[PDB]
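>>> Here is the input, now give the coordinates:
(chains A, B and C, ligands or ions: 4)
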Amino acid sequence: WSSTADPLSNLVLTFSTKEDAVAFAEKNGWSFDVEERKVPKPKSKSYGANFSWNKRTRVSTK
Amino acid sequence: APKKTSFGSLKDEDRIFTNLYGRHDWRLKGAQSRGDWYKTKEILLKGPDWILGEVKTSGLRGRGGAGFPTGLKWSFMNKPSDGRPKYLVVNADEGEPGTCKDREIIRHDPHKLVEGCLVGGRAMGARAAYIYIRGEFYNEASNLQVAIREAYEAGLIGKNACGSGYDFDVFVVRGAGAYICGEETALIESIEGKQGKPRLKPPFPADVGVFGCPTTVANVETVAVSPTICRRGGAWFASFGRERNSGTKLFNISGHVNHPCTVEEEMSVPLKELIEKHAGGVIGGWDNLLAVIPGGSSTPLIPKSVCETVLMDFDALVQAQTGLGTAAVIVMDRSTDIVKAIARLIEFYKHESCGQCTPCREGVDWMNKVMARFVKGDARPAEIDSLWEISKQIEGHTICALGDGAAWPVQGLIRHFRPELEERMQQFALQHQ
Amino acid sequence: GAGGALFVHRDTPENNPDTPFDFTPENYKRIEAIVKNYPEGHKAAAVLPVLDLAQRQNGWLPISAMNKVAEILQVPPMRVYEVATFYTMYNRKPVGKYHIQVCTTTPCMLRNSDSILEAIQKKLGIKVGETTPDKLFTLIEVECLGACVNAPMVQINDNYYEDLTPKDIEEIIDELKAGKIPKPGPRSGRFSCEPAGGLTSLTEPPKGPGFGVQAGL
Ligand SMILES: NC(=O)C1=CN([C@@H]2O[C@H](COP(=O)(O)OP(=O)(O)OC[C@H]3O[C@@H](n4cnc5c(N)ncnc54)[C@H](O)[C@@H]3O)[C@@H](O)[C@H]2O)C=CC1
Ligand SMILES: Cc1cc2nc3c(=O)[nH]c(=O)nc-3n(C[C@H](O)[C@H](O)[C@H](O)COP(=O)(O)O)c2cc1C
Ligand code: SF4
Ligand code: FES
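Numbers count the residues shown, from 1 in each chain, chains lettered A, B, ... in the order given. Ligands and ions are numbered 1, 2, ... in the order given. The protein structure is shown below:
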């Protein structure tokens, strides 16, 4: 079996905002690394572009 | 006096398709003699606005089956040029079971279609006309090409097309056995060398069509009448049929009739008069009639109770819960298996789905299996309502209107012939237990 | 019922990428004429006709024919494979010299299309998917051919034969076997889409050029 000696190997905490997480870690005395939230960028979609008269976007199949 | 009430007796002086039977020469010399290619230059010189107005005044509705008003639809390409060429596509697929009007127009009056292409392209500002014809219509396509050749030689199309100053080309592209390619967007895709799979709308073809250019898709019958409407006027064309149901119409009467045929008739003719006059009535008498599909397989069937008093136009048949469709009357007498006919239509639709979208691709095959079990009686009554709901899920949830045409005949059969289904199930249970 | 034809390709000694296929020079002239119709930069639009042209020279479409069309039009071969498997008029297997297609849809079935199908089967000794051992005939059933008024009807190598009874289709088969070609059209003294007797309309002479023209034109 898989053995461990780490008592915190399973602990996961959930926070509303990064500030709450940072405050919790600071008051508990843990060194922390924060990563900014990554969101998908807004993309311009257009169905008609699939059938461009002169553009490269035209689909070869559908 | 205006507002006629008894439509359905018009003489040959008011029929557009005078060579419907092909008795007369189908060649250009014959076309000209009948009244074709007359004052084309004058019509072209009147301009697109004048041409568009004539279509609008006539009230002409699309003869391909949907009945969308033709003038408004054609006016969608009246925009100024944006650098892209403009095209007119003629829908000559004619895949609807029970329908043979476009075949006759193509084989026996091709110059009417060529002139209609020229006038429609002038109205839309189009550059050339692509005529997408059924692949199985080899001889019809060859006659069409001969007609286009003799029109090119006589200077009726091509460069300047007339003493007009307008350049117009007419191309014939043949399909390869696909009923779905009758749909306008699927037709456009098949012209561009792809599978005949319909597009989503928007965009509409007037914005992004064939080769990505503004396009207008029109039914063969819709285009052929275009020059006769221009010459005689929209007011004359309108003087036939009820309000919002103007003009004449080709009807294909087939099935259990004494003389199956095709005939031009006024729009709002009653169904009974049309069947008993031109088709020779139902074999076994009018009281032998069981059901009628008034507009090709895509329309729900109606029983004899409705058939005796319904008019053959868009709004009248909509009020009868069926629809005019392609004006392809299929008659079934009291001697046929009404469930088997609908099952065969559902099998046709299962074999004709393109498979692109989920509701059609899965549910039409599902409905085919259910209907094949219904024919034998394998099912239970609780499935009939179930089948109804399956159709409802399919209808209005698909890209293409083939799903509607698959779900409507089943709804018609269930709406009007449920007791036959239930007694078939009871019989199968009785001799099987 | 189910289609029966497979939509995968497995190489065979008679159908592999090295099966000999090439267009005739006349077919190359026809290909150039077909290509010219479409707008420049949209050459693919010729996949549908040119593929058909290949089948009109070879009889069917071997995988090498699809590869040749794809290379000639500079289209990826999978696009030509899609086109070939989508459309039902393309023959991805060899067929007989005469391809009999009988319509069995509802308007055509209501006028006793099964009688025609059984007559063909008993005349040829083959079923609705098979090819005669002489490799002359192949019988299949098809959906609506657009000749419903003339039902029951049959389509043979671009010729419609309509208003058929068992005897007419049997004698058409006899005429096709003995090395003759039969005249297409109705087989009941109709030769049109007209009513079978009487000609209810279009009896009067057609009007002349300009008869109904409106004022100011
Ligand atoms: N001739 C034949 O053999 C066959 C005929 N049909 C008929 O096709 C009918 C349904 O087909 P659909 O194409 O779905 O009709 P549809 O309801 O989608 O519209 C028909 C025409 O009006 C145009 N249109 C509609 N709304 C528009 C808008 N807001 N803007 C611009 N253009 C617009 C469409 O582009 C199309 O050209 C059926 O009723 C059927 O009877 C079906 C199969 C075969
Ligand atoms: C599955 C399907 C098949 C169709 N087949 C045809 C056809 O063969 N011929 C035709 O004129 N219209 C056909 N239509 C309807 C076309 O959308 C119609 O022709 C197009 O909208 C322009 O027709 P119109 O001139 O009557 O307005 C079909 C529609 C669907 C959904
Ligand atoms: S409804 Fe049927 S034919 Fe139309 S796009 Fe969907 S799957 Fe294809
Ligand atoms: S149903 Fe047979 S040709 Fe139409």
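
>>> Going by C-alpha atoms from here, please, whenever you check contacts or count neighbours.
Will do.

>>> Name the surrounding residues that touch the helix or strand in which residue C:82 is found.
Residue C:82 belongs to helix C:77-86 when assigned by DSSP states H and E. Residues outside helix C:77-86 that contact it (C-alpha atoms under 8 Å, 6 or more residues apart in numbering or on different chains): A:60-61, B:193-196, C:7, C:47-48, C:51, C:66-67, C:69-71, C:90, C:92.

>>> For chain B, give the residue positioned nearest to chain A.
Of all residues in chain B, residue B:212 sits closest to chain A, at 4.2 Å by C-alpha to the nearest C-alpha.

>>> Would you mind confirming that that residue is in contact with residue A:53?
Yes: shown here, residue B:212 and residue A:53 form a contact pair, counting by C-alpha atoms under 8 Å, at 4.2 Å.

>>> okay, the two: which has more neighbours?
residue B:212 (24 against 20; other C-alpha atoms under 10 Å in any protein chain shown).

>>> distance of that one from residue A:7?
64 Å (C-alpha to C-alpha, to the nearest Å).

>>> same deal with residue C:167?
92 Å.

>>> Please apply the same query to residue B:173.
Distance, residue B:173 to residue A:7, using C-alpha to C-alpha: 75 Å.

>>> who has more neighbours, these two?
residue B:173 (21 against 7).

>>> out of everything not next to it in sequence, what's closest to that one?
Leaving aside its chain neighbours, residue B:173 sits nearest to residue B:132 (4.9 Å; criterion: C-alpha to C-alpha, 6 or more residues apart in numbering or on different chains).

>>> Pull up the pairing partners for the helix or strand in which that neighbour is found, direction included.
Residue B:132 is part of strand B:128-133, with elements assigned from DSSP H and E. Strand pairing for strand B:128-133, using DSSP bridges, gives strand B:87-92 (parallel), strand B:169-174 (parallel).

>>> Report whether the next helix-or-strand element following the first one contacts ligand 1.
So the one you mean is strand B:87-92. Moving toward the C-terminus from strand B:87-92, the next helix or strand (DSSP H and E) is helix B:101-108. No: against ligand 1, helix B:101-108 shows no contacts by C-alpha under 6 Å from any ligand atom, the least distance being 7.8 Å.

>>> Pull out the buried members of the contacts of helix C:77-86.
Among the contacts of helix C:77-86, those classed as buried by 16 or more other C-alpha atoms under 10 Å in any protein chain shown are B:193-196, C:47-48, C:51, C:66-67, C:69-70, C:90, C:92.

>>> Next, give me the two most distant ones among those.
B:196 and C:67 (20.8 Å; C-alpha to C-alpha).

>>> Please name the residues that touch residue C:1.
residue B:347.

>>> let's go with 10 Å and repeat that
B:347, B:350, B:351, B:368, B:369, B:372 (C-alpha atoms under 10 Å, 6 or more residues apart in numbering or on different chains).

>>> Tell me the most packed of these, by neighbour count.
Busiest of the contacts of residue C:1 [other C-alpha under 10 Å] is residue B:350, holding 26 neighbours.

>>> secondary structure element for it?
Taking DSSP H and E as the criterion, residue B:350 maps to helix B:338-352.

>>> what about the helix or strand that that helix is followed by, near ligand 2?
With elements assigned by DSSP H and E, the helix or strand that comes after helix B:338-352 is helix B:358-376. No: Helix B:358-376 stays clear of ligand 2 (C-alpha under 6 Å from any ligand atom), getting no nearer than 11.2 Å.

>>> tell me, what's touching residue B:212 and residue A:53 both at once?
With C-alpha under 10 Å, 6+ apart, residue B:212 and residue A:53 have common neighbours B:84, B:85.

>>> before we move on, the earlier item: could you confirm whether the helix holding residue B:350 reaches ligand 4?
No: counting by C-alpha under 6 Å from any ligand atom, ligand 4 has no neighbours in helix B:338-352; the shortest distance is 9.7 Å.

>>> how about that helix, does it reach chain A?
No: on the criterion C-alpha under 10 Å from any C-alpha of the partner chain, helix B:338-352 is out of touch with chain A, staying 17.4 Å away.

>>> Walking through chain A, point out its helices one by one.
A:18-28 (DSSP state H).

>>> Which residue does it have closest to ligand 2?
residue A:62 (17.3 Å; C-alpha to the nearest ligand atom).

>>> dump the residue contacts of that residue.
Residues near residue A:62 by C-alpha under 10 Å, 6+ apart: A:50, B:189, B:194, B:195, B:196, B:197, B:198, B:199, B:356.

>>> and residue B:290, what element?
strand B:289-293.

>>> Sort out which residues of stretch B:60-75 are buried, please.
B:60-65, B:67, B:69-75.

>>> Could you do stretch C:134-145 as well?
Neighbour-count burial for stretch C:134-145, counted by 16+ other C-alpha under 10 Å, picks out C:137, C:138, C:139, C:142, C:143, C:144, C:145.

>>> Out of these, list just those in strands.
Within these, residues falling in strands by DSSP state E are C:137, C:138, C:139, C:142.

>>> Spatially, what comes nearest to the last one if we skip its sequence neighbours?
When you say that, I think you mean residue C:142. Nearest to residue C:142 is residue C:103, by C-alpha to C-alpha, 6+ apart, at 5.0 Å.

>>> Neighbours of the one you found, how many?
27.

>>> Identify the residues contacting residue 34.
All of this refers to chain A. A:18, A:21, A:22 are the contacts of residue A:34 under C-alpha under 10 Å, 6+ apart.

>>> that's the wrong chain, I wanted chain C
For residue C:34, the contacting residues are B:173, C:28, C:43, C:45, C:46, C:47, C:49, C:50, by C-alpha under 10 Å, 6+ apart.
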